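Q: A single structure is presented below for examination.
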Amino acid sequence: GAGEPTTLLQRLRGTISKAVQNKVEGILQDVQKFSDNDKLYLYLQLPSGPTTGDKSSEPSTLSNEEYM
Amino acid sequence: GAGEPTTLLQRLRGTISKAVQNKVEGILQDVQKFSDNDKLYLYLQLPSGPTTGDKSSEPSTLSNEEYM
Amino acid sequence: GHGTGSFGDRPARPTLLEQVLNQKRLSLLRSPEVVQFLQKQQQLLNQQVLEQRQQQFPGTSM
């Protein structure tokens, strides 16, 4: 399965690997291959409870006093 | 390399693509293979070798502002 | 555990590396749907912010 000189963190620390950069580019073209908004709604359409705590309706006023 | 498959947007609009999901997990594990923090800085905060700004790129209106 | 508050980079300038990296960060576990939309959304708001560049050549005080 090929060789692997030096540590991984170091082997890469010196400089990004071509293979890595390649994969990255692929993903970019993947998502870009199709619209974002269009797919956004299309995906959500699937059954997975889109509610999610009513869009996270957590409390949060402020709470801060300093006078008397 | 033969056959006549459908489009990506189409096959996707009807259902998520196995390649898309699988691919995502592929790269995800690739980076996870090593420290996520140590690399996060070495990457996002790369030292930038001898590039001199892409040989004095000197940007202007490539991508920063336009409308909306 | 969380990285200290170090001011350096900024939410802008979309790139391949910054993509895979920033993606994983938001990924948390391994959600392709989220990392996908989020990645795109981030890139959008990224370009929006950060206005044009200027000269800015002050010279006062010590």
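Going by the structure tokens order, chains are called A, B, ..., each with residues numbered from 1, while ligands are numbered from 1 in the order shown.
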Would you mind listing, for every residue of chain A within 7 Å of chain C, the two atoms forming the shortest contact and the distance between them in Å to one decimal, using only C-alpha atoms, sorted by chain and ascending residue number, as CSV?

A:
residue,atom,partner,partner_atom,distance
A:24,CA,C:20,CA,5.9
A:25,CA,C:16,CA,6.2
A:31,CA,C:36,CA,6.5
A:36,CA,C:37,CA,6.1
A:40,CA,C:37,CA,6.8

Q: Just need chain B moved onto chain A: least-squares over all Cα atoms matched in order, then output as a PDB file with N, CA, C and O atoms, in the first residue's frame.

A:
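What ended up in selection-v1.pdb:
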ATOM      1  N   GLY B   1      -3.583   0.623   7.189  1.00  0.00           N
ATOM      2  CA  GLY B   1      -3.564   1.619   8.244  1.00  0.00           C
ATOM      3  C   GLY B   1      -2.325   1.520   9.112  1.00  0.00           C
ATOM      4  O   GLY B   1      -2.406   1.148  10.282  1.00  0.00           O
ATOM      5  N   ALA B   2      -1.174   1.854   8.537  1.00  0.00           N
ATOM      6  CA  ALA B   2       0.088   1.801   9.266  1.00  0.00           C
ATOM      7  C   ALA B   2       0.956   3.014   8.949  1.00  0.00           C
ATOM      8  O   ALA B   2       0.666   3.772   8.024  1.00  0.00           O
ATOM      9  N   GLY B   3       2.022   3.193   9.724  1.00  0.00           N
ATOM     10  CA  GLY B   3       2.914   4.316   9.510  1.00  0.00           C
ATOM     11  C   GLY B   3       2.825   5.347  10.617  1.00  0.00           C
ATOM     12  O   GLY B   3       2.034   5.199  11.549  1.00  0.00           O
ATOM     13  N   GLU B   4       3.638   6.395  10.517  1.00  0.00           N
ATOM     14  CA  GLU B   4       3.648   7.452  11.521  1.00  0.00           C
ATOM     15  C   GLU B   4       3.858   8.816  10.871  1.00  0.00           C
ATOM     16  O   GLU B   4       4.942   9.399  10.929  1.00  0.00           O
ATOM     17  N   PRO B   5       2.799   9.340  10.237  1.00  0.00           N
ATOM     18  CA  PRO B   5       2.842  10.641   9.563  1.00  0.00           C
ATOM     19  C   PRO B   5       2.948  11.800  10.548  1.00  0.00           C
ATOM     20  O   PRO B   5       2.942  11.599  11.763  1.00  0.00           O
ATOM     21  N   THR B   6       3.045  13.015  10.017  1.00  0.00           N
ATOM     22  CA  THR B   6       3.152  14.206  10.850  1.00  0.00           C
ATOM     23  C   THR B   6       1.776  14.769  11.185  1.00  0.00           C
ATOM     24  O   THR B   6       0.752  14.156  10.880  1.00  0.00           O
ATOM     25  N   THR B   7       1.758  15.940  11.815  1.00  0.00           N
ATOM     26  CA  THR B   7       0.507  16.586  12.191  1.00  0.00           C
ATOM     27  C   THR B   7      -0.081  17.371  11.025  1.00  0.00           C
ATOM     28  O   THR B   7       0.593  17.608  10.020  1.00  0.00           O
ATOM     29  N   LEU B   8      -1.339  17.773  11.162  1.00  0.00           N
ATOM     30  CA  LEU B   8      -2.018  18.533  10.118  1.00  0.00           C
ATOM     31  C   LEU B   8      -1.525  19.977  10.089  1.00  0.00           C
ATOM     32  O   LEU B   8      -1.170  20.501   9.032  1.00  0.00           O
ATOM     33  N   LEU B   9      -1.506  20.613  11.254  1.00  0.00           N
ATOM     34  CA  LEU B   9      -1.054  21.996  11.363  1.00  0.00           C
ATOM     35  C   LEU B   9       0.369  22.148  10.836  1.00  0.00           C
ATOM     36  O   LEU B   9       0.696  23.140  10.185  1.00  0.00           O
ATOM     37  N   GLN B  10       1.208  21.157  11.118  1.00  0.00           N
ATOM     38  CA  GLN B  10       2.596  21.180  10.670  1.00  0.00           C
ATOM     39  C   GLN B  10       2.680  21.049   9.153  1.00  0.00           C
ATOM     40  O   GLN B  10       3.151  21.955   8.467  1.00  0.00           O
ATOM     41  N   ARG B  11       2.220  19.913   8.637  1.00  0.00           N
ATOM     42  CA  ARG B  11       2.245  19.662   7.201  1.00  0.00           C
ATOM     43  C   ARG B  11       1.599  20.813   6.436  1.00  0.00           C
ATOM     44  O   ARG B  11       1.965  21.099   5.296  1.00  0.00           O
ATOM     45  N   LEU B  12       0.633  21.470   7.070  1.00  0.00           N
ATOM     46  CA  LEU B  12      -0.066  22.589   6.450  1.00  0.00           C
ATOM     47  C   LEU B  12       0.775  23.860   6.516  1.00  0.00           C
ATOM     48  O   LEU B  12       0.946  24.556   5.515  1.00  0.00           O
ATOM     49  N   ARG B  13       1.299  24.156   7.702  1.00  0.00           N
ATOM     50  CA  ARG B  13       2.123  25.342   7.898  1.00  0.00           C
ATOM     51  C   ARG B  13       3.247  25.400   6.868  1.00  0.00           C
ATOM     52  O   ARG B  13       3.670  26.479   6.456  1.00  0.00           O
ATOM     53  N   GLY B  14       3.728  24.230   6.457  1.00  0.00           N
ATOM     54  CA  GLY B  14       4.799  24.171   5.480  1.00  0.00           C
ATOM     55  C   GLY B  14       4.288  24.244   4.054  1.00  0.00           C
ATOM     56  O   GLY B  14       4.983  24.729   3.161  1.00  0.00           O
ATOM     57  N   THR B  15       3.069  23.760   3.839  1.00  0.00           N
ATOM     58  CA  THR B  15       2.466  23.770   2.512  1.00  0.00           C
ATOM     59  C   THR B  15       1.052  23.201   2.546  1.00  0.00           C
ATOM     60  O   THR B  15       0.752  22.307   3.338  1.00  0.00           O
ATOM     61  N   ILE B  16       0.189  23.723   1.681  1.00  0.00           N
ATOM     62  CA  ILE B  16      -1.193  23.265   1.613  1.00  0.00           C
ATOM     63  C   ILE B  16      -1.263  21.748   1.475  1.00  0.00           C
ATOM     64  O   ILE B  16      -0.401  21.130   0.850  1.00  0.00           O
ATOM     65  N   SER B  17      -2.296  21.152   2.062  1.00  0.00           N
ATOM     66  CA  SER B  17      -2.478  19.707   2.007  1.00  0.00           C
ATOM     67  C   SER B  17      -3.329  19.312   0.803  1.00  0.00           C
ATOM     68  O   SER B  17      -4.403  19.870   0.577  1.00  0.00           O
ATOM     69  N   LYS B  18      -2.840  18.346   0.034  1.00  0.00           N
ATOM     70  CA  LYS B  18      -3.553  17.872  -1.147  1.00  0.00           C
ATOM     71  C   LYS B  18      -4.966  17.426  -0.786  1.00  0.00           C
ATOM     72  O   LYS B  18      -5.917  17.690  -1.521  1.00  0.00           O
ATOM     73  N   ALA B  19      -5.096  16.751   0.351  1.00  0.00           N
ATOM     74  CA  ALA B  19      -6.394  16.271   0.811  1.00  0.00           C
ATOM     75  C   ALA B  19      -7.354  17.431   1.053  1.00  0.00           C
ATOM     76  O   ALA B  19      -8.529  17.363   0.693  1.00  0.00           O
ATOM     77  N   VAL B  20      -6.845  18.495   1.668  1.00  0.00           N
ATOM     78  CA  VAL B  20      -7.657  19.671   1.957  1.00  0.00           C
ATOM     79  C   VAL B  20      -8.242  20.264   0.680  1.00  0.00           C
ATOM     80  O   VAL B  20      -9.456  20.425   0.560  1.00  0.00           O
ATOM     81  N   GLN B  21      -7.371  20.585  -0.269  1.00  0.00           N
ATOM     82  CA  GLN B  21      -7.801  21.161  -1.538  1.00  0.00           C
ATOM     83  C   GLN B  21      -8.726  20.205  -2.283  1.00  0.00           C
ATOM     84  O   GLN B  21      -9.848  20.563  -2.640  1.00  0.00           O
ATOM     85  N   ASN B  22      -8.248  18.988  -2.516  1.00  0.00           N
ATOM     86  CA  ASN B  22      -9.032  17.980  -3.221  1.00  0.00           C
ATOM     87  C   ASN B  22     -10.410  17.821  -2.586  1.00  0.00           C
ATOM     88  O   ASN B  22     -11.429  17.825  -3.277  1.00  0.00           O
ATOM     89  N   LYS B  23     -10.434  17.684  -1.264  1.00  0.00           N
ATOM     90  CA  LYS B  23     -11.686  17.527  -0.534  1.00  0.00           C
ATOM     91  C   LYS B  23     -12.649  18.667  -0.851  1.00  0.00           C
ATOM     92  O   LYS B  23     -13.813  18.437  -1.175  1.00  0.00           O
ATOM     93  N   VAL B  24     -12.154  19.896  -0.757  1.00  0.00           N
ATOM     94  CA  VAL B  24     -12.969  21.072  -1.037  1.00  0.00           C
ATOM     95  C   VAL B  24     -13.658  20.953  -2.391  1.00  0.00           C
ATOM     96  O   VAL B  24     -14.852  21.224  -2.515  1.00  0.00           O
ATOM     97  N   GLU B  25     -12.899  20.545  -3.402  1.00  0.00           N
ATOM     98  CA  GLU B  25     -13.438  20.390  -4.748  1.00  0.00           C
ATOM     99  C   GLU B  25     -14.438  19.240  -4.805  1.00  0.00           C
ATOM    100  O   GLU B  25     -15.377  19.256  -5.599  1.00  0.00           O
ATOM    101  N   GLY B  26     -14.228  18.238  -3.955  1.00  0.00           N
ATOM    102  CA  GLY B  26     -15.119  17.092  -3.924  1.00  0.00           C
ATOM    103  C   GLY B  26     -16.536  17.469  -3.543  1.00  0.00           C
ATOM    104  O   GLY B  26     -17.473  17.245  -4.311  1.00  0.00           O
ATOM    105  N   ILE B  27     -16.696  18.042  -2.354  1.00  0.00           N
ATOM    106  CA  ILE B  27     -18.009  18.450  -1.874  1.00  0.00           C
ATOM    107  C   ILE B  27     -18.614  19.524  -2.772  1.00  0.00           C
ATOM    108  O   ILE B  27     -19.809  19.498  -3.071  1.00  0.00           O
ATOM    109  N   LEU B  28     -17.782  20.467  -3.199  1.00  0.00           N
ATOM    110  CA  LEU B  28     -18.234  21.551  -4.064  1.00  0.00           C
ATOM    111  C   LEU B  28     -18.978  21.004  -5.278  1.00  0.00           C
ATOM    112  O   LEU B  28     -20.051  21.491  -5.630  1.00  0.00           O
ATOM    113  N   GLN B  29     -18.399  19.989  -5.913  1.00  0.00           N
ATOM    114  CA  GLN B  29     -19.009  19.375  -7.086  1.00  0.00           C
ATOM    115  C   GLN B  29     -20.244  18.568  -6.698  1.00  0.00           C
ATOM    116  O   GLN B  29     -21.209  18.490  -7.458  1.00  0.00           O
ATOM    117  N   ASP B  30     -20.206  17.971  -5.513  1.00  0.00           N
ATOM    118  CA  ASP B  30     -21.323  17.170  -5.024  1.00  0.00           C
ATOM    119  C   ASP B  30     -22.624  17.965  -5.074  1.00  0.00           C
ATOM    120  O   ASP B  30     -23.619  17.511  -5.640  1.00  0.00           O
ATOM    121  N   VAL B  31     -22.610  19.152  -4.478  1.00  0.00           N
ATOM    122  CA  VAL B  31     -23.789  20.011  -4.454  1.00  0.00           C
ATOM    123  C   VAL B  31     -24.060  20.608  -5.830  1.00  0.00           C
ATOM    124  O   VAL B  31     -25.211  20.722  -6.251  1.00  0.00           O
ATOM    125  N   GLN B  32     -22.993  20.987  -6.526  1.00  0.00           N
ATOM    126  CA  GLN B  32     -23.117  21.574  -7.855  1.00  0.00           C
ATOM    127  C   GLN B  32     -23.770  20.594  -8.824  1.00  0.00           C
ATOM    128  O   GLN B  32     -24.281  20.987  -9.872  1.00  0.00           O
ATOM    129  N   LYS B  33     -23.750  19.314  -8.466  1.00  0.00           N
ATOM    130  CA  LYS B  33     -24.340  18.275  -9.303  1.00  0.00           C
ATOM    131  C   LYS B  33     -25.772  18.633  -9.685  1.00  0.00           C
ATOM    132  O   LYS B  33     -26.235  18.302 -10.776  1.00  0.00           O
ATOM    133  N   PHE B  34     -26.469  19.312  -8.780  1.00  0.00           N
ATOM    134  CA  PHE B  34     -27.849  19.716  -9.022  1.00  0.00           C
ATOM    135  C   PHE B  34     -28.000  21.230  -8.916  1.00  0.00           C
ATOM    136  O   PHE B  34     -27.027  21.947  -8.680  1.00  0.00           O
ATOM    137  N   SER B  35     -29.227  21.710  -9.092  1.00  0.00           N
ATOM    138  CA  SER B  35     -29.506  23.140  -9.020  1.00  0.00           C
ATOM    139  C   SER B  35     -28.943  23.740  -7.735  1.00  0.00           C
ATOM    140  O   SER B  35     -29.161  23.213  -6.643  1.00  0.00           O
ATOM    141  N   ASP B  36     -28.217  24.844  -7.874  1.00  0.00           N
ATOM    142  CA  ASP B  36     -27.622  25.517  -6.724  1.00  0.00           C
ATOM    143  C   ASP B  36     -28.630  26.450  -6.061  1.00  0.00           C
ATOM    144  O   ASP B  36     -28.585  26.668  -4.851  1.00  0.00           O
ATOM    145  N   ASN B  37     -29.537  27.001  -6.863  1.00  0.00           N
ATOM    146  CA  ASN B  37     -30.553  27.913  -6.353  1.00  0.00           C
ATOM    147  C   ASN B  37     -31.689  27.142  -5.684  1.00  0.00           C
ATOM    148  O   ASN B  37     -32.006  27.373  -4.518  1.00  0.00           O
ATOM    149  N   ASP B  38     -32.296  26.228  -6.432  1.00  0.00           N
ATOM    150  CA  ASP B  38     -33.395  25.422  -5.912  1.00  0.00           C
ATOM    151  C   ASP B  38     -33.010  24.770  -4.588  1.00  0.00           C
ATOM    152  O   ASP B  38     -33.801  24.739  -3.645  1.00  0.00           O
ATOM    153  N   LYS B  39     -31.791  24.245  -4.524  1.00  0.00           N
ATOM    154  CA  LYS B  39     -31.301  23.592  -3.316  1.00  0.00           C
ATOM    155  C   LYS B  39     -30.967  24.619  -2.239  1.00  0.00           C
ATOM    156  O   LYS B  39     -31.224  24.399  -1.055  1.00  0.00           O
ATOM    157  N   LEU B  40     -30.396  25.743  -2.657  1.00  0.00           N
ATOM    158  CA  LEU B  40     -30.029  26.807  -1.728  1.00  0.00           C
ATOM    159  C   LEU B  40     -31.208  27.179  -0.834  1.00  0.00           C
ATOM    160  O   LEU B  40     -31.041  27.422   0.362  1.00  0.00           O
ATOM    161  N   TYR B  41     -32.399  27.221  -1.422  1.00  0.00           N
ATOM    162  CA  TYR B  41     -33.605  27.565  -0.678  1.00  0.00           C
ATOM    163  C   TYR B  41     -34.120  26.364   0.111  1.00  0.00           C
ATOM    164  O   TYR B  41     -34.489  26.486   1.279  1.00  0.00           O
ATOM    165  N   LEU B  42     -34.138  25.204  -0.536  1.00  0.00           N
ATOM    166  CA  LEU B  42     -34.605  23.979   0.104  1.00  0.00           C
ATOM    167  C   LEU B  42     -33.754  23.642   1.323  1.00  0.00           C
ATOM    168  O   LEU B  42     -34.196  22.929   2.225  1.00  0.00           O
ATOM    169  N   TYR B  43     -32.531  24.161   1.345  1.00  0.00           N
ATOM    170  CA  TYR B  43     -31.616  23.915   2.454  1.00  0.00           C
ATOM    171  C   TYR B  43     -31.631  25.078   3.441  1.00  0.00           C
ATOM    172  O   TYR B  43     -32.177  24.968   4.540  1.00  0.00           O
ATOM    173  N   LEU B  44     -31.030  26.193   3.041  1.00  0.00           N
ATOM    174  CA  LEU B  44     -30.974  27.379   3.889  1.00  0.00           C
ATOM    175  C   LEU B  44     -32.362  27.746   4.404  1.00  0.00           C
ATOM    176  O   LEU B  44     -32.504  28.287   5.500  1.00  0.00           O
ATOM    177  N   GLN B  45     -33.382  27.445   3.607  1.00  0.00           N
ATOM    178  CA  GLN B  45     -34.760  27.742   3.985  1.00  0.00           C
ATOM    179  C   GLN B  45     -35.574  26.461   4.123  1.00  0.00           C
ATOM    180  O   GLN B  45     -36.738  26.405   3.721  1.00  0.00           O
ATOM    181  N   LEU B  46     -34.957  25.430   4.691  1.00  0.00           N
ATOM    182  CA  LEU B  46     -35.626  24.148   4.882  1.00  0.00           C
ATOM    183  C   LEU B  46     -36.966  24.332   5.586  1.00  0.00           C
ATOM    184  O   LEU B  46     -37.124  25.185   6.460  1.00  0.00           O
ATOM    185  N   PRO B  47     -37.955  23.513   5.200  1.00  0.00           N
ATOM    186  CA  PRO B  47     -39.299  23.564   5.784  1.00  0.00           C
ATOM    187  C   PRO B  47     -39.323  23.072   7.226  1.00  0.00           C
ATOM    188  O   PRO B  47     -40.260  23.357   7.974  1.00  0.00           O
ATOM    189  N   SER B  48     -38.288  22.333   7.613  1.00  0.00           N
ATOM    190  CA  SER B  48     -38.192  21.800   8.967  1.00  0.00           C
ATOM    191  C   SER B  48     -39.331  20.824   9.248  1.00  0.00           C
ATOM    192  O   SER B  48     -40.450  21.231   9.554  1.00  0.00           O
ATOM    193  N   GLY B  49     -39.035  19.532   9.141  1.00  0.00           N
ATOM    194  CA  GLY B  49     -40.043  18.517   9.387  1.00  0.00           C
ATOM    195  C   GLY B  49     -40.497  18.489  10.832  1.00  0.00           C
ATOM    196  O   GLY B  49     -40.349  19.463  11.571  1.00  0.00           O
ATOM    197  N   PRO B  50     -41.066  17.350  11.255  1.00  0.00           N
ATOM    198  CA  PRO B  50     -41.556  17.172  12.625  1.00  0.00           C
ATOM    199  C   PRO B  50     -40.421  17.098  13.642  1.00  0.00           C
ATOM    200  O   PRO B  50     -40.036  16.014  14.081  1.00  0.00           O
ATOM    201  N   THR B  51     -39.890  18.258  14.013  1.00  0.00           N
ATOM    202  CA  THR B  51     -38.799  18.325  14.978  1.00  0.00           C
ATOM    203  C   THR B  51     -39.231  19.049  16.248  1.00  0.00           C
ATOM    204  O   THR B  51     -38.676  18.825  17.324  1.00  0.00           O
ATOM    205  N   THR B  52     -40.228  19.920  16.117  1.00  0.00           N
ATOM    206  CA  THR B  52     -40.735  20.678  17.254  1.00  0.00           C
ATOM    207  C   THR B  52     -39.598  21.343  18.022  1.00  0.00           C
ATOM    208  O   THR B  52     -39.594  21.361  19.252  1.00  0.00           O
ATOM    209  N   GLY B  53     -38.633  21.890  17.289  1.00  0.00           N
ATOM    210  CA  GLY B  53     -37.504  22.549  17.918  1.00  0.00           C
ATOM    211  C   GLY B  53     -36.668  21.597  18.750  1.00  0.00           C
ATOM    212  O   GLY B  53     -36.410  21.852  19.927  1.00  0.00           O
ATOM    213  N   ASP B  54     -36.244  20.497  18.138  1.00  0.00           N
ATOM    214  CA  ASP B  54     -35.431  19.503  18.831  1.00  0.00           C
ATOM    215  C   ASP B  54     -36.097  19.067  20.132  1.00  0.00           C
ATOM    216  O   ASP B  54     -35.449  18.984  21.176  1.00  0.00           O
ATOM    217  N   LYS B  55     -37.395  18.790  20.063  1.00  0.00           N
ATOM    218  CA  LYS B  55     -38.150  18.363  21.234  1.00  0.00           C
ATOM    219  C   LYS B  55     -38.135  19.441  22.314  1.00  0.00           C
ATOM    220  O   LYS B  55     -37.890  19.155  23.486  1.00  0.00           O
ATOM    221  N   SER B  56     -38.400  20.680  21.912  1.00  0.00           N
ATOM    222  CA  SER B  56     -38.414  21.800  22.845  1.00  0.00           C
ATOM    223  C   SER B  56     -37.035  22.008  23.465  1.00  0.00           C
ATOM    224  O   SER B  56     -36.846  21.806  24.665  1.00  0.00           O
ATOM    225  N   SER B  57     -36.076  22.413  22.638  1.00  0.00           N
ATOM    226  CA  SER B  57     -34.714  22.644  23.104  1.00  0.00           C
ATOM    227  C   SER B  57     -34.667  23.806  24.091  1.00  0.00           C
ATOM    228  O   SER B  57     -34.036  23.714  25.144  1.00  0.00           O
ATOM    229  N   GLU B  58     -35.341  24.898  23.743  1.00  0.00           N
ATOM    230  CA  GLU B  58     -35.375  26.078  24.598  1.00  0.00           C
ATOM    231  C   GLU B  58     -33.965  26.516  24.979  1.00  0.00           C
ATOM    232  O   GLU B  58     -33.472  26.231  26.071  1.00  0.00           O
ATOM    233  N   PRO B  59     -33.297  27.227  24.058  1.00  0.00           N
ATOM    234  CA  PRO B  59     -31.934  27.719  24.274  1.00  0.00           C
ATOM    235  C   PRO B  59     -31.877  28.832  25.315  1.00  0.00           C
ATOM    236  O   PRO B  59     -32.895  29.440  25.643  1.00  0.00           O
ATOM    237  N   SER B  60     -30.680  29.092  25.831  1.00  0.00           N
ATOM    238  CA  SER B  60     -30.492  30.130  26.838  1.00  0.00           C
ATOM    239  C   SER B  60     -29.149  30.830  26.652  1.00  0.00           C
ATOM    240  O   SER B  60     -29.089  31.981  26.218  1.00  0.00           O
ATOM    241  N   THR B  61     -28.071  30.127  26.984  1.00  0.00           N
ATOM    242  CA  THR B  61     -26.728  30.679  26.856  1.00  0.00           C
ATOM    243  C   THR B  61     -25.788  29.688  26.179  1.00  0.00           C
ATOM    244  O   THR B  61     -24.614  29.588  26.534  1.00  0.00           O
ATOM    245  N   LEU B  62     -26.312  28.958  25.201  1.00  0.00           N
ATOM    246  CA  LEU B  62     -25.519  27.973  24.472  1.00  0.00           C
ATOM    247  C   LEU B  62     -24.508  28.659  23.558  1.00  0.00           C
ATOM    248  O   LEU B  62     -23.329  28.303  23.542  1.00  0.00           O
ATOM    249  N   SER B  63     -24.977  29.643  22.798  1.00  0.00           N
ATOM    250  CA  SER B  63     -24.115  30.378  21.880  1.00  0.00           C
ATOM    251  C   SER B  63     -24.864  31.546  21.248  1.00  0.00           C
ATOM    252  O   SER B  63     -25.679  31.359  20.345  1.00  0.00           O
ATOM    253  N   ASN B  64     -24.581  32.752  21.729  1.00  0.00           N
ATOM    254  CA  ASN B  64     -25.229  33.953  21.213  1.00  0.00           C
ATOM    255  C   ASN B  64     -24.503  35.209  21.685  1.00  0.00           C
ATOM    256  O   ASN B  64     -24.308  36.150  20.917  1.00  0.00           O
ATOM    257  N   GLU B  65     -24.106  35.214  22.953  1.00  0.00           N
ATOM    258  CA  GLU B  65     -23.401  36.355  23.527  1.00  0.00           C
ATOM    259  C   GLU B  65     -22.525  35.920  24.698  1.00  0.00           C
ATOM    260  O   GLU B  65     -22.803  34.917  25.355  1.00  0.00           O
ATOM    261  N   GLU B  66     -21.464  36.681  24.952  1.00  0.00           N
ATOM    262  CA  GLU B  66     -20.547  36.373  26.042  1.00  0.00           C
ATOM    263  C   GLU B  66     -19.635  37.560  26.336  1.00  0.00           C
ATOM    264  O   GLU B  66     -19.779  38.230  27.360  1.00  0.00           O
ATOM    265  N   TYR B  67     -18.694  37.814  25.433  1.00  0.00           N
ATOM    266  CA  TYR B  67     -17.756  38.918  25.597  1.00  0.00           C
ATOM    267  C   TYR B  67     -16.892  39.088  24.350  1.00  0.00           C
ATOM    268  O   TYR B  67     -16.333  38.121  23.833  1.00  0.00           O
ATOM    269  N   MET B  68     -16.789  40.324  23.874  1.00  0.00           N
ATOM    270  CA  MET B  68     -15.992  40.622  22.689  1.00  0.00           C
ATOM    271  C   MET B  68     -16.504  39.846  21.480  1.00  0.00           C
ATOM    272  O   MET B  68     -16.062  38.720  21.257  1.00  0.00           O
TER     273      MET B  68
END

Q: Which value, in Å to one decimal, gives the distance between atom CA of residue 8 of chain C and atom CA of residue 29 of chain C?

A: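 We find that atom CA of residue 8 of chain C and atom CA of residue 29 of chain C lie 26.2 Å from each other.
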
Q: Among chain A, which ones does DSSP place in alpha helix (DSSP H), written as a PyMOL selection string?

A: chain A and resi 8-13+18-32+37-44+52-56
